[PDB]
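Sharing an experimental structure here, sequence included.
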Amino acid sequence: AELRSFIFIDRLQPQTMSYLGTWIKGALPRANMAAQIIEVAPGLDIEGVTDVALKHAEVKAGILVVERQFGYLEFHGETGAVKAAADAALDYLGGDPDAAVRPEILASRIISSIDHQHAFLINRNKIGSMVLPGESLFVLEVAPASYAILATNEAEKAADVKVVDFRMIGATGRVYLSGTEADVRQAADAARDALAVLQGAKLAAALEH
Amino acid sequence: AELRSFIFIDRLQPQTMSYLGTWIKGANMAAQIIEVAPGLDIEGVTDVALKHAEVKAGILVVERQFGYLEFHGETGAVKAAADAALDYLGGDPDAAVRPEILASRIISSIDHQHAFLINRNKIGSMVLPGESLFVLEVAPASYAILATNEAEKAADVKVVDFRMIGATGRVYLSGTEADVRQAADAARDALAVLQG
Amino acid sequence: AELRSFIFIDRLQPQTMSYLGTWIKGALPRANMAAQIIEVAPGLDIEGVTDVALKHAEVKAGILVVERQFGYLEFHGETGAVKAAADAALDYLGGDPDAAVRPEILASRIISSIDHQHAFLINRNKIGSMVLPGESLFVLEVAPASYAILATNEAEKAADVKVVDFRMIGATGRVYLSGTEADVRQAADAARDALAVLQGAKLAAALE
Amino acid sequence: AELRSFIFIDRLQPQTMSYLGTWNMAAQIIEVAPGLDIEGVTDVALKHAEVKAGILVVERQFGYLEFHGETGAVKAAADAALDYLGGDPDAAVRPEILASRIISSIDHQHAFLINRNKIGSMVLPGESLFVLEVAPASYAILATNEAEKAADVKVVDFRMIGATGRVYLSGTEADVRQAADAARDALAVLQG
Amino acid sequence: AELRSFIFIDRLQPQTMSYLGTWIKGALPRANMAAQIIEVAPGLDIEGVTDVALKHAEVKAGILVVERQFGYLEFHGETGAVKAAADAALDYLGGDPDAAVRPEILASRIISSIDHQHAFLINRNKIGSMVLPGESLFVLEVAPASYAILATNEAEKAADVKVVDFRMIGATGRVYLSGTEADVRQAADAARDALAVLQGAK
Amino acid sequence: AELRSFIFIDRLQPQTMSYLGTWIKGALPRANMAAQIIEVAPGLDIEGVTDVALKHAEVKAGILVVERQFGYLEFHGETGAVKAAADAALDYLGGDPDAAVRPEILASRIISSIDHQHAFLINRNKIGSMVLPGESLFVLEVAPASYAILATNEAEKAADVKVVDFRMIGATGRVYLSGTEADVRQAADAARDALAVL
Ligand SMILES: [Cl-]
Ligand SMILES: [Cl-]
């Protein structure tokens, strides 16, 4: 009924991958691997997607989740295999990647010089890297939620920031990044730019004529 | 306020009733499932049901949005408590939201990775690589119990996973492909009988 | 965005605070502190709120939570500090406390004499005190969910009841209170009236 | 093998019963070592059936079986288990009270720390508290049940599975003291 | 300090494999991969073992656990890679692959025809294959706990039994097998013999 | 029947503090906090200990648990208040601070460069900061368990390491520290010498 995301991660970054590895129930990715993430509604449709994907290439599935509303599949491996499995999944889902719901940024803020108590509270909630008092913190909320992994991975590509937390499953996705102010602003720019590439996908046709 | 389900089950099956915290002895156990919004309204329903007749409640839950009551026992007792609940809920069963099958699929011979992933999410019997799988999603969620009970009647399948509480309900059944096909048709027809 | 609640608790009550302390991960309040509760959508907006509130006065945050949809901040301390932090948070959120979504009661009911099996069933889900067979039970569902803490705290002020359950985070908030029928009806009346004064916030302008 | 416990509760009290819900009938509780021996016990006890087993656990070391329902059927199942074990209900390890204390008027901090640790009713700042630790653990149900039966107290916390069992009771100091006496005397055994 | 077990499994059986996949936090082993299991005390020693093991060969770790007292490592791979990793780890543990603590059967029973409620109770406790009323049930408790993996796997090799439940981490290990009564006893005595050949010393 | 530990911490460090539910109040060593940790057997004896301590001084109790066999209390605050509460606690137990069981280091190791999947496995086990592949690691196991907080606090004040995992409750305590090789080696020496002073 709804393709909420169809996300190719060309190369997973270390902190992003390490954070995934903290909670995902499936196969744990090797360094620098490509990955595909698919989110659908209704959630249970993802079971059929997973069946098709796994049986079309040698990919390792790290995520299979049917939450309250939506279903999620992630798989990774050699780039060739990931693309092949993704393409099979896509054909199963209508064959058009631009049918996917565009990401929306619901909230984004850079908090400069995080307060001591505030860092303590965040570090109690988060399962990734530690935020320090005085650091800057970037927070981003996106829907569909799965797009949080794209925002996070692209942020890490562009800046030496810490992945404090990111959630890519639910009604909305969340991204928490910390570091020096310049690094955090740079990382925030890259995360927003990554979503903008998707938001402006149909611009491609305008440029091809 | 809305009545999301008013489900009567004539004959509970072993795997299905296991989720309700009961089992069949030796020597017919009926059950009634009720789902409502707003969720806390189920407390008034429970108060009326459990008082009017003596039955055994396996479920009393208020989740994010919806409220759930299930009780079971001998047919007379169950139907007695159910009618008292119904009168409290307006006295008309047709007011209940009709079930909608959101997704349903037969997956022949599941991959070893797929089995692995399901087993790490499931509440039910371990699924093995190569087994055939039937998956089914329904809203309202509580209708999952009716589809699972009817499926269990019709075929020798194992209940791999089962959720009847939430925005949607879910059923994972495994077995040979022949049994799964039977289970699937029965589950689907069960959700079509309550439509008619 | 959306300011879902902006709630000031003048004096946190024992059970309310004890129940709160049961699950919260932030700092724990001592006897009869004041508290402020703020709920927003989108949830992640609460982080900026927290930054402002905690920088402007010496308060202790008990709750910093972003759930499925909404975000929650609770903090407490001496009265002056809580109000200072609260007004700072308020200025950040627009300056108008009446921009907050007014509480709606979705369900409320007193069960006069709870069945023994019913009492058992409730006790499996609840984290507060147990409801006992024969006792009266008040149940209340409110949206936005955070208003549950105000209903509960005010209930405890007005009557000697047991806080059986109290949920203030989610799509809807829930309150379960038990005890003698007299006490429970008294608590129920105070819980609803507390929500009523907020619902009638704009009557103030009419009266002055 | 080792019979650690063979306890009959004539009439379960509501708070004791309700606490078990997170898992006025008679009950039987049987603890054994090694733990997996409880499966043979359960197969013998429950083949009779007629009772409803609320607990079947094999923890780190010890095995637990609890079944309740109406009295006669419980005892019949209990006797069936008994014959299977050693066939005499006094080879069971008698309880040892490792620690027991009445704590007058709990501090507000103390209350909160207890409340986030425990399942069961809420202890409130100012209330008095009775605490008791016994081994074998399962005897905690006996002390707890007889305490609630004898006094007007809240079962704050209660654990009957593990190396040692625990009871937390709160209320007025007067009520807590009566519970304490009953809890301690319930664990009193004749031995000579 | 003590080596509590040093177990090589040539091929993991389907149900044993599927059951591991239900709880282990590492990589799932594929059908008929070799696997090595190492249990040690003190528990934290297993971190050093793990470091040496993963760095000497290309293996996949399925289990890394430091429980109340003991530490556990499991890794699987091609037989060659596994053996190389295990020999490295063994050398790191001094050597002598037989200095390991010998299995001790604390309890062993065939329940011939399990009754209804007992089945219901077991079914709500276990996370493996479901036991049916009337089936036979083999229960086996062993110390050190990690020997349960060897008993279970070998029992599944011997007869068509269902792996209801098995636990290989803790003070003691447990094995629950079900099926027809004939197959349960072959499985049981294969489980015992798998442990017995390790028990005995000359 | 047994005093397993009676630990005084002169000044708590931020990461160690977080496990006690507190933090450094602003950027000032003014509000530096001492803490006292007490572990006993039988576990339930800690409830009487807590009652005595909390009522003799203005301290903040951050830990109160009775596990399988042992009981744990921790409270922090100003140095004078902490010592006052501790002394009353000590008086209640027997008045002998040196009667506490001596800490034993069951295992300790520096792992120079964590393998990729090793970091995965640790991260899925830990309570603390995320460890990354390539980072160095110091692991330490100690009995009684509560002594882990002393080794961890001392390590933290001596080096720029991340507390990846920390357990101070159970049969044995555990601490995982990560960082550069230099930082981890300094933290190791400090943690070991902290348990050696005793
Ligand atoms: Cl809540
Ligand atoms: Cl327990």
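Looks like it arrived, so ask away. Numbering: from 1, shown residues only, chains lettered A, B, ... in the order given. Ligands and ions are numbered 1, 2, ... in the order given.

How about the contacts made by the residue nearest the centre of chain A?
In chain A, the centroid-proximal residue (Cα atoms, centre = their mean) is residue A:149; its distance is 1.3 Å. Contacts for residue A:149 (Cβ atoms under 8 Å, 6 or more residues apart in numbering or on different chains) come out as A:7, A:9, A:16, A:20, A:37, A:74, A:166, A:168, A:173. C-beta: built from backbone N, CA, C; applies to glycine.

Distance-wise, check it relative to residue A:169.
10 Å (Cβ to Cβ, to the nearest Å).

just residue A:125 next, same as before
Counting by Cβ to Cβ, the gap from residue A:125 to residue A:169 is 16 Å.

per the record, what domains does chain A have?
Per curated CATH domains, the structural domains of chain A span A:1-101, A:102-209.

Please, which helix or strand holds residue A:28?
Residue A:28 belongs to no helix or strand when elements are defined using DSSP states H and E.

which residue packs closest to it, ignoring adjacent ones?
residue F:120 (4.8 Å; Cβ to Cβ, 6 or more residues apart in numbering or on different chains).

Walking through chain A, point out its strands one by one.
A:2-9, A:34-41, A:60-66, A:71-77, A:104-111, A:136-143, A:162-167, A:173-179 (DSSP state E).

As TSV, those with mean neighbour count would be great.
Output for the strands of chain A, formatted as TSV (neighbours: other Cβ atoms under 10 Å in any protein chain shown):
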stretch	mean neighbour count
strand A:2-9	21
strand A:34-41	25
strand A:60-66	23
strand A:71-77	26
strand A:104-111	18
strand A:136-143	25
strand A:162-167	25
strand A:173-179	26
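
Would you mind putting those strands into TSV with distance to ligand 2 alongside?
Compiled in TSV, those are given as follows (distance: least, Cβ to the ion, whole Å):
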stretch	distance to ligand 2
strand A:2-9	43
strand A:34-41	41
strand A:60-66	32
strand A:71-77	36
strand A:104-111	44
strand A:136-143	41
strand A:162-167	34
strand A:173-179	37
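
So residue A:27 is in contact with residue A:62, correct?
Yes - the pair residue A:27 and residue A:62 qualifies as a contact (Cβ atoms under 8 Å) at a distance of 5.3 Å.

which neighbours do these two share?
residue A:76.

longest helix anywhere in chain A?
In chain A, with assignment by DSSP state H, the single longest helix is helix A:181-199.

For that one, which helices and strands make contact with it?
Helix A:181-199 sits against strand A:104-111, strand A:136-143, helix A:148-158, strand A:173-179, with contacts defined as 3 or more Cβ pairs under 8 Å, 6 or more residues apart in numbering or on different chains; DSSP states H and E.

Pull out the buried positions in it.
By 16 or more other Cβ atoms under 10 Å in any protein chain shown, the buried positions in helix A:181-199 come out as A:183, A:184, A:185, A:186, A:187, A:188, A:190, A:191, A:192, A:194, A:195, A:198.

Stretch A:100-107: end-to-end distance?
21 Å (Cα to Cα, to the nearest Å).

picking that back up, which among the domains of chain A is found nearest to ligand 1?
For the domains of chain A, proximity to ligand 1 was assessed by Cβ to the ion; domain A:102-209 is nearest, at 15.0 Å.

now the closest one, how far from the centre of its chain.
10 Å (Cα atoms, centre = their mean, to the nearest Å).

now do stretch A:71-85
With Cα atoms, centre = their mean, you get 14 Å for stretch A:71-85.

Would you mind writing the CA trace of that stretch as PDB?
Output of stretch A:71-85 as PDB, limited to C-alpha atoms (Å, rounded to 0.1, in the frame of the first residue of the first chain):
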ATOM      1  CA  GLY A  71       7.900  -2.800   8.300                       C
ATOM      2  CA  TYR A  72      11.700  -2.500   7.800                       C
ATOM      3  CA  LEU A  73      14.300  -4.500   5.900                       C
ATOM      4  CA  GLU A  74      18.000  -3.900   5.900                       C
ATOM      5  CA  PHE A  75      20.600  -6.000   4.100                       C
ATOM      6  CA  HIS A  76      24.300  -5.500   3.200                       C
ATOM      7  CA  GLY A  77      27.200  -7.200   1.600                       C
ATOM      8  CA  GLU A  78      29.200  -6.900  -1.600                       C
ATOM      9  CA  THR A  79      28.000  -3.900  -3.600                       C
ATOM     10  CA  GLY A  80      27.000  -6.000  -6.600                       C
ATOM     11  CA  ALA A  81      24.900  -8.300  -4.500                       C
ATOM     12  CA  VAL A  82      23.200  -5.500  -2.600                       C
ATOM     13  CA  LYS A  83      22.100  -3.800  -5.800                       C
ATOM     14  CA  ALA A  84      20.800  -7.100  -7.300                       C
ATOM     15  CA  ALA A  85      18.700  -7.900  -4.300                       C
END
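
wait, what's in contact with residue A:147?
Contacts for residue A:147 (Cβ under 8 Å, 6+ apart) come out as A:5, A:7, A:103, A:168, A:173, A:195, A:198.

how many neighbours does the fourth one have?
Spelled out, that is residue A:168. A total of 28 residues lie near residue A:168 under the criterion other Cβ atoms under 10 Å in any protein chain shown.

what sits against it?
A:37, A:72, A:145, A:146, A:147, A:148, A:149 are the contacts of residue A:168 under Cβ under 8 Å, 6+ apart.

repeat for the fifth one
For residue A:173, the set of contacting residues under the criterion of Cβ under 8 Å, 6+ apart consists of A:141, A:142, A:143, A:144, A:145, A:146, A:147, A:148, A:149, A:151, A:166, A:167.

at 10 Å instead, please
Residues in contact with residue A:173, defined by Cβ atoms under 10 Å, 6 or more residues apart in numbering or on different chains, are A:5, A:39, A:103, A:106, A:140-152, A:166-167, C:44.

The third one now?
Taking Cβ under 10 Å, 6+ apart as the contact definition, residue A:103 lies against A:4-5, A:7, A:142-148, A:150-151, A:173, A:194-199.

try the first one
Taking Cβ under 10 Å, 6+ apart as the criterion, residue A:5 is in contact with A:37-40, A:70, A:72, A:97, A:100-103, A:144-150, A:168, A:173, A:198.

let's see 6 Å
Counting by Cβ atoms under 6 Å, 6 or more residues apart in numbering or on different chains, residue A:5 touches A:39, A:100, A:144, A:146, A:147.

out of the contacts of residue A:168, who's nearest chain B?
Of all the contacts of residue A:168, chain B sits closest to residue A:72, with 11.1 Å by Cβ to the nearest Cβ.

re earlier: show me which of residue A:125 and residue A:169 is the more surrounded one.
Higher neighbour count among residue A:125 and residue A:169: residue A:169, with 19 against 15, using other Cβ under 10 Å.

who touches the more buried one in this structure?
Neighbours of residue A:169 in contact, by Cβ under 6 Å, 6+ apart: A:65, A:67, A:72, A:145.

In those, find the pair that's most separated.
Among the contacts of residue A:169, the pair separated by the greatest distance (Cβ to Cβ) is A:65 and A:145, at 10.7 Å.

Please look at residue A:72 and residue A:63 and confirm they touch.
Yes - at 5.5 Å, residue A:72 counts as touching residue A:63 under the criterion of Cβ atoms under 6 Å.
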